[PDB]
Amino acid sequence: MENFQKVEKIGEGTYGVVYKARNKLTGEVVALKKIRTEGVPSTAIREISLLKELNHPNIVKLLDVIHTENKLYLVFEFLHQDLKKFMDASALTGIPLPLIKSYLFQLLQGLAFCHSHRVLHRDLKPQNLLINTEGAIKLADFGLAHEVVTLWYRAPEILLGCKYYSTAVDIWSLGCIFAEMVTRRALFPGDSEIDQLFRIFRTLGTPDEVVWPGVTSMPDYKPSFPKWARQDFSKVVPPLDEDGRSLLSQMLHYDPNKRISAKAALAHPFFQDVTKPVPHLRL
Ligand SMILES: Cc1nc(C)c(-c2[nH]nc3c2C(=O)c2c(NC(=O)NN4CCN(C)CC4)cccc2-3)s1
C-alpha cells in the first residue's frame, strides 16, 4: 500500500499473512493482513463490510479495508502480544488465576456480543487471542468464511461432520483454552481429526444417544467407535476449584444444545469474585 510500510512480519494467519505496518500518513502502527486473489468475490467483501460495524472492547478493531488491484488488505489495530506467547512465557509459574478469570470473562463478553449478532468465530485459539499491557484480551482472526492448523480446540460436532454448527462451537473452543491456562498443557492435543476426536472421547467418554441425542446420526459418526468411559474432571483440570470445574464441564458439554451460552456463563458463580489484574508482559 502507498500509505503503509511493512515494518515487520507478525506471522502467517489463517486467511493470509500478518505484518506490522506503519501508516505513512497517520504515523500509526497497525496490523496489516494481506488477504489471499483472482478477482475477489463481491459477496465476501460485503461480509467483511459488516465487520467494520461489529465493534466491541474485546474484539480487535478493524480499522480499514483496502481492496486495491483485486488484492484485499485488512488493517487492524495493533496489540502487543498473543495469548499463546503469554502462556509459554508463564509456563514456569502459570498465569495467576485472577488473570485467567479476567481473560475468560472478557472473552465471554466478546463472544456473547458476536453471538447476539449471529457471528461465529469458528476457530478460537490462543494464537487468535490478543492482549495488551492494560490487561485486556481480544478476539481476532475470525472465521470469515500450507502449514498445519491445529484441531486441538475443535468442537466434536464439527469433527463429526455437522455443517450448520452453532455458536456453541466457540464455547467449546474457549473451554479448551480455559483448561489450558489453568493446567499449562493443551486439553486435547490431537494431530489428526480422528486422533483429535478420540482424545476427546478418552477424557469425556464416547458420546451416545443418552448424553448426546442424535449423535449416532452425525455424518462422520461410526458405530465402530471405541467405547470409552468418562473421566473425572478433578483429574482432568487440577487445581481448578469446583466453581471453575463446574463452569468448564458446562462449556465442554457434548450436546451443543446443552452447552452453556456465553451470556449464561457470565452469570456463573465462578466470576462472582472477578477482577481485572494487569499482566507482567515482556515486549
Ligand atoms: C506474537 C505476536 N506479537 C504481536 C505484536 C502480534 C500481533 N499484534 N496485533 C496483531 C497481531 C496479530 O497476529 C494480529 C492478527 N492476526 C491474525 O489475524 N492472524 N494470525 C496470527 C497467527 N495465528 C496462529 C493465526 C492468526 C489480527 C489482528 C491484529 C493482530 S502476535
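When a residue number appears, it is its place in the shown sequence, counting from 1. Below, each value reflects all heavy atoms present in this structure, side chains not excepted, and no hydrogens, waters or symmetry copies.
Counted by atom type alone, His80 and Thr133 present zero donor-acceptor pairs between their side chains at under 3.5 Å. Side-chain contact, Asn58 with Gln106: a donor N or O sits under 3.5 Å from an acceptor N or O. Between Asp170 and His115, the side chains place a donor N or O and an acceptor N or O closer than 3.5 Å (distance only, hydrogens not considered).
Salt-bridge check for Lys52 with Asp64: failed, with every basic side-chain N at 4.0 Å or more from each acidic carboxylate O. No salt bridge links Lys276 with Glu134; every basic N to acidic carboxylate O contact stays at or beyond 4.0 Å. No salt bridge links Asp141 with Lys125; every basic N to acidic carboxylate O contact stays at or beyond 4.0 Å. Contact check on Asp195 versus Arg199 returns a salt bridge, with a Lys/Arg side-chain nitrogen under 4.0 Å from an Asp/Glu carboxylate oxygen. One finds no salt bridge joining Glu12 and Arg36 here, because no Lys/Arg side-chain nitrogen approaches an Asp/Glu carboxylate oxygen to under 4.0 Å.
Inter-residue side-chain proximity for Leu187 and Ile200 is flagged as unmet; no heavy-atom pair is nearer than 4.5 Å. In this structure the side chain of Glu28 reaches within 4.5 angstrom of the side chain of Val30, judged on heavy atoms. The side-chain heavy atoms of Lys138 and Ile59, taken from C-beta on, include no pair separated by under 4.5 Å.
Partners of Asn257 according to the side-chain hydrogen bond (donor to acceptor under 3.5 Å, both in side chains) rule, which considers only residues two or more places apart in sequence or in another chain, do not exist here. Residues passing the side-chain hydrogen bond (donor to acceptor under 3.5 Å, both in side chains) test with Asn70: none are found, sequence neighbours excluded.
Stacking of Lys34 on the aromatic ring of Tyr73 is not recorded, the 6.0 Å distance cut-off and the 45° axial limit not both being met.
Classification of the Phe270-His268 ring pair by plane angle, with boundaries at 30° and 60°, yields perpendicular.
Here the CG atom belonging to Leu144 is positioned 9.5 Å from the CD atom belonging to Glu47, to the nearest 0.5 angstrom. Atom-to-atom distance recorded for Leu124:CG and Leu107:CG is 7.5 Å, nearest 0.5 angstrom. Rounding to the nearest 0.5 angstrom, the gap separating the CZ atom in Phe225 from the OG1 atom in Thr216 is 11.5 Å. Between the CZ atom of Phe86 and the OH atom of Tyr103 there is a distance of 5.0 Å, given to the nearest 0.5 Å.
The cluster map of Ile, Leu, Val, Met, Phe, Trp and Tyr, joined by side-chain heavy atoms under 4.5 Å apart, puts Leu252 and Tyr254 in the same cluster. The hydrophobic cluster containing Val75 does not contain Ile10, counting ILVMFWY residues as joined when their side-chain heavy atoms lie under 4.5 angstrom apart, directly or transitively.
Residue pairs satisfying the side chain to side chain donor-acceptor pair (under 3.5 Å) criterion with at least one member in residues 182-194, sequence neighbours excluded, are absent.
Taking the ring centroids of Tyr153 and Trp172, they lie at or beyond the 6.0 Å cut-off.
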